[PDB]
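Protein chains in written order, with the deposited numbering: chain U, 1 to 136; chain d, 1 to 94; chain W, 2 to 117; chain h, 2 to 59; chain e, 11 to 85. The beta carbon of each residue, even a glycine, is placed where N, CA and C say it ideally should be.
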RNA sequence: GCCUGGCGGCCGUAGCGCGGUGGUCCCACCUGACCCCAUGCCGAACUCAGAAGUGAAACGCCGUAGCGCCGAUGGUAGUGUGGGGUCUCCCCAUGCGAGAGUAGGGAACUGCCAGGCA
RNA sequence: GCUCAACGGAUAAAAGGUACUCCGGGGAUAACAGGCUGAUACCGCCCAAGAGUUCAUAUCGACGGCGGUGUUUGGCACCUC
RNA sequence: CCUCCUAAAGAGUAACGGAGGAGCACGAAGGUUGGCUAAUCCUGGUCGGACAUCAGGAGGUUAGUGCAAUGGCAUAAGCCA
RNA sequence: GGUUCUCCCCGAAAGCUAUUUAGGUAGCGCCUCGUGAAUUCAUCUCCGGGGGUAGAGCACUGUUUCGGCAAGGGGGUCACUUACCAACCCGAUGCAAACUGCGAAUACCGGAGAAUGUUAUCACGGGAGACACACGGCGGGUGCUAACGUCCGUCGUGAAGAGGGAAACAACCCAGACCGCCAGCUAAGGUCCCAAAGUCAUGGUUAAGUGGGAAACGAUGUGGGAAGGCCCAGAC
Ligand SMILES: [Mg+2]
Ligand SMILES: [Mg+2]
Ligand SMILES: [Mg+2]
Ligand SMILES: [Mg+2]
Ligand SMILES: [Mg+2]
Ligand SMILES: [Mg+2]
Ligand SMILES: [Mg+2]
Ligand SMILES: [Mg+2]
Ligand SMILES: [Mg+2]
Ligand SMILES: [Mg+2]
Ligand SMILES: [Mg+2]
Ligand SMILES: [Mg+2]
Ligand SMILES: [Mg+2]
Ligand SMILES: [Mg+2]
Ligand SMILES: [Mg+2]
Ligand SMILES: [Mg+2]
Ligand SMILES: [Mg+2]
Ligand SMILES: [Mg+2]
Ligand SMILES: [Mg+2]
Ligand SMILES: [Mg+2]
Ligand SMILES: [Mg+2]
Ligand SMILES: [Mg+2]
Ligand SMILES: [Mg+2]
Ligand SMILES: [Mg+2]
Ligand SMILES: [Mg+2]
Ligand SMILES: [Mg+2]
Ligand SMILES: [Mg+2]
Ligand SMILES: [Mg+2]
């Protein structure tokens, strides 16, 4: 379950998630899974989609994950009042914008790849779309 | 084979460019040589279908504006972030 | 780095003479020759100069590049300076110590009536 | 000057303070108030600030 | 463990470009020489630039470092 | 007019790099060091007295786009005002409009004084 | 000459209990209930790894995903002191 | 009390918001003159280890600043007398 | 808690600092009255400025995936190798409130100039009130980008604002009520009846009362578009 090895600071501001993505083209494989929607991808979600990818394809090809959950999210536990300091880190998310390639794959045919990503996409909270490598 | 039938842009920038992509045309630009740059608007689906082929980004291409057949190469292409559309093409002369 | 070392060694005094708006009597020294210019506060125009690489004062010297050649250049540039009307200058050693050839040149210009 | 005609078309109630001072510099006091102003870039630029709420006859 | 802060120092530029200052007028309050002192500008102990002459504030980039300098041009 | 040196402007289209090139002069190394002065050891540096030697090093000039640097047009992003929506985000009208990048440029330019060959 | 550090420093000099309690007040501020919210909870669904002798989907449904209810624990402090 | 962020490119700007410091030190660690310029790695070298000291090279401040952090600092504000 | 006749003009604040202070008070801010005085003030245009935010980017600070070029450790041999590991560097891919080799729009300071505005400005003085704010938009912290939640900034409204609209609805949309009128034009919003005004015109869409509450996902619903494979060597 992906997570930064070390971070400069423990807790990050909520921030906002505006704009189109960077990492919009397939860069390492022949095929990829691209986000259409916007929203946070948690580390558990990324591992589950990856688990479903690597099983739809059995020791076949190579898989890349283009997103990293580097943003720490906090939660006050149950029955704590408001304030008294910021909560504790519970999970890690990657902020996702419309356009972001999330995973890439080669070494398999397209049709197996359309099926692998469809199963992975069911694990994610964001609309996605299949995409192919483009020349120039 | 690739013969793009283009028109010249009368107004430029963001409003004008968005107005085009809402009308199934997209902006583009021709540069290179010592001629000045030439801003063209293309029909989207026409160019969309042709750049699906592989020999669009490798062979010489020709763009007709005002009757004049201008030969070019595809140089850079701005794709939509999350759709199979086109925002902008850079054509270099050759 | 012997060249650059001197230029960096001269910067503070030089930059300080800019801000004080003072015409500075610059000195350049080589193992052979010695030089002197009276440079205006803009730093971009000479008023008066003298040097041992000439003939008007190099035939009168055993060897250009000694304390007595310096004195000649020092006494020379002050005389040229006092004709043009130039009396108050600031000495710029330009990263050479104020010890021998430079001190000779500067000590002579003092006697010849340059205020520093 | 060519003495252009500016009429106030909308209320100044909820508008920004800069907009309200633009109206004052044009002399516009109420909806329908037509003023006569010398046509200059300065005058043309005040109109552009509050163009949403003024119509101009030339 | 994270509830402390310092009072704010009100640093920065006090007189902008072309602004006619009297001698003594502070021009920049700064931590360090973010701006350096030029003609008729003094650099104080806290590195604040102040005018030595009455005149007009002039910002300029000069030198081989492209450092930012402030000077007073007498009007 | 060409070469050199000093002082500046300008502060990388000015820099690094690479290949070539120059010694009348100037500049550099260089020769020597009782005395001037000097090394927290060293005449290496600083420094003084010099002028056999060399342009090897350096420096300067010339060349070469490997690099750095500069850099459009166009589009993209953002945004002031107004308006609107499916309102955690967006769109419309208008105005402003990047950054990155692409084509492309690019082996600085210029002044004062001095000296030297012509 | 003051960790007058509760740092614009009440006095040189100061801890508690009150269910034996009392007054002034507050819905400016808790406890009950209502209200907003729905993290939690409950209920449902999407993907289906697999279990199910074979067989994903009779039955169950890992990793994860989306909602519904106002329904538990709570959050808030808008009503009522 | 100081520093950064929050803080929306002038200043200022809140939370039992996020992160760290101070309650000193110094007659030199101050003044001035003069001089010098780091870290790190590479190559080679007695005891030498992966790292002491020496020499060169690449590097160019990726160091250093009496103590936090920020902004500064080569004309050094950094090292030496 | 309550504080008793009338009309006319102006008209806040619920902020900062400090307080055994936090529902009190004081100075400042904001109100008013008076006096005095400079294009003093505001808007737009032009000019002069500084930025380091948005966005972007990844040289730096850190963080991240892949690939390439490869020292160095360590299971064993008892130096050879090693299915493990491997930094620096190179190429590619991203992320950042406390990263910036880039960098706006806006806002702010200043100057000039015109129109414009009942001096709108500043100063001194007389009198104050106020220092519980609220919702909405924008930008944010906090919380769950939960709360009619909480804390800042900024604007607007309510507070202290009636009228019309949003069924009803302080804070939203329109719009600022001196009085009177059985006159007229419009705003938002609306025009079949309750209920003032189109059962308006042209072209289409929908068949679900969708409209007139709700997501992932599901599906020969239906409209439109771009192409394209098979097709009278006979296809579905
Ligand atoms: Mg726009
Ligand atoms: Mg106290
Ligand atoms: Mg106190
Ligand atoms: Mg007290
Ligand atoms: Mg009892
Ligand atoms: Mg009682
Ligand atoms: Mg209450
Ligand atoms: Mg409250
Ligand atoms: Mg009740
Ligand atoms: Mg009660
Ligand atoms: Mg600020
Ligand atoms: Mg601001
Ligand atoms: Mg009034
Ligand atoms: Mg207070
Ligand atoms: Mg008063
Ligand atoms: Mg950003
Ligand atoms: Mg980086
Ligand atoms: Mg109070
Ligand atoms: Mg209060
Ligand atoms: Mg408030
Ligand atoms: Mg509230
Ligand atoms: Mg009240
Ligand atoms: Mg009503
Ligand atoms: Mg009517
Ligand atoms: Mg209507
Ligand atoms: Mg009717
Ligand atoms: Mg009809
Ligand atoms: Mg319905």
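Do you know how far the Cα of residue j is from the Cα of residue i?
{"i": "residue 44 (chain W)", "j": "residue 82 (chain e)", "result": "20 Å"}
{"i": "residue 26 (chain e)", "j": "residue 56 (chain e)", "result": "20 Å"}
{"i": "residue 87 (chain W)", "j": "residue 42 (chain h)", "result": "56 Å"}
{"i": "residue 21 (chain d)", "j": "residue 77 (chain e)", "result": "46 Å"}
{"i": "residue 52 (chain W)", "j": "residue 81 (chain W)", "result": "12 Å"}
{"i": "residue 1 (chain d)", "j": "residue 46 (chain h)", "result": "52 Å"}
{"i": "residue 33 (chain d)", "j": "residue 74 (chain d)", "result": "14 Å"}
{"i": "residue 51 (chain e)", "j": "residue 11 (chain h)", "result": "52 Å"}
{"i": "residue 83 (chain d)", "j": "residue 92 (chain d)", "result": "25 Å"}
{"i": "residue 44 (chain d)", "j": "residue 118 (chain U)", "result": "29 Å"}
{"i": "residue 85 (chain e)", "j": "residue 66 (chain e)", "result": "6 Å"}
{"i": "residue 46 (chain d)", "j": "residue 19 (chain U)", "result": "29 Å"}
{"i": "residue 19 (chain h)", "j": "residue 25 (chain h)", "result": "10 Å"}
{"i": "residue 77 (chain U)", "j": "residue 87 (chain U)", "result": "8 Å"}
{"i": "residue 85 (chain U)", "j": "residue 13 (chain e)", "result": "9 Å"}
{"i": "residue 53 (chain h)", "j": "residue 57 (chain d)", "result": "47 Å"}
{"i": "residue 60 (chain U)", "j": "residue 30 (chain U)", "result": "14 Å"}
{"i": "residue 48 (chain W)", "j": "residue 15 (chain W)", "result": "17 Å"}
{"i": "residue 78 (chain d)", "j": "residue 18 (chain d)", "result": "14 Å"}
{"i": "residue 13 (chain d)", "j": "residue 48 (chain d)", "result": "22 Å"}
When burial is assigned at 16 or more other CB atoms within 10 Å of the CB, is residue i buried or exposed?
{"i": "residue 45 (chain U)", "result": "buried"}
{"i": "residue 86 (chain d)", "result": "buried"}
{"i": "residue 36 (chain W)", "result": "buried"}
{"i": "residue 60 (chain d)", "result": "exposed"}
{"i": "residue 14 (chain h)", "result": "exposed"}
{"i": "residue 4 (chain d)", "result": "buried"}
{"i": "residue 98 (chain U)", "result": "buried"}
{"i": "residue 71 (chain d)", "result": "exposed"}
{"i": "residue 57 (chain W)", "result": "exposed"}
{"i": "residue 41 (chain d)", "result": "buried"}
{"i": "residue 36 (chain d)", "result": "exposed"}
{"i": "residue 32 (chain h)", "result": "exposed"}
{"i": "residue 10 (chain U)", "result": "exposed"}
Among the options, whose alpha-carbon lies nearest the alpha-carbon of residue i?
{"i": "residue 72 (chain e)", "options": "e:85, e:84, e:52 and e:47", "result": "e:47"}
{"i": "residue 14 (chain U)", "options": "U:52, U:50, U:40 and U:128", "result": "U:40"}
{"i": "residue 75 (chain e)", "options": "e:31, e:57, e:50 and e:45", "result": "e:45"}
{"i": "residue 56 (chain U)", "options": "U:121, U:132, U:136 and U:112", "result": "U:112"}
{"i": "residue 29 (chain W)", "options": "W:111, W:93, W:113 and W:81", "result": "W:93"}
{"i": "residue 59 (chain h)", "options": "h:18, h:17, h:37 and h:24", "result": "h:37"}
{"i": "residue 41 (chain e)", "options": "e:49, e:34 and e:19", "result": "e:19"}
{"i": "residue 51 (chain U)", "options": "U:133, U:130 and U:2", "result": "U:2"}
{"i": "residue 39 (chain W)", "options": "W:57, W:102, W:17 and W:74", "result": "W:74"}
{"i": "residue 72 (chain U)", "options": "U:85, U:43 and U:82", "result": "U:43"}
{"i": "residue 93 (chain U)", "options": "U:124, U:64 and U:82", "result": "U:124"}
Contact the stretch 60 to 73 of chain W vs the stretch 26 to 41 of chain W: 3+ CB pairs below 8 Å:
yes
Three or more C-beta pairs below 8 Å linking the stretch 87 to 106 of chain U and the stretch 22 to 41 of chain U:
yes
Evaluate the contact criterion for the stretch 29 to 39 of chain U versus the stretch 81 to 100 of chain U: three or more CB pairs, one atom per stretch, below 8 Å.
yes
Whether or not the stretch 89 to 105 of chain W and the stretch 3 to 23 of chain W are in contact is what I'm after, with contact meaning three or more pairs of Cβ atoms, one per stretch, closer than 8 Å; do they touch?
yes
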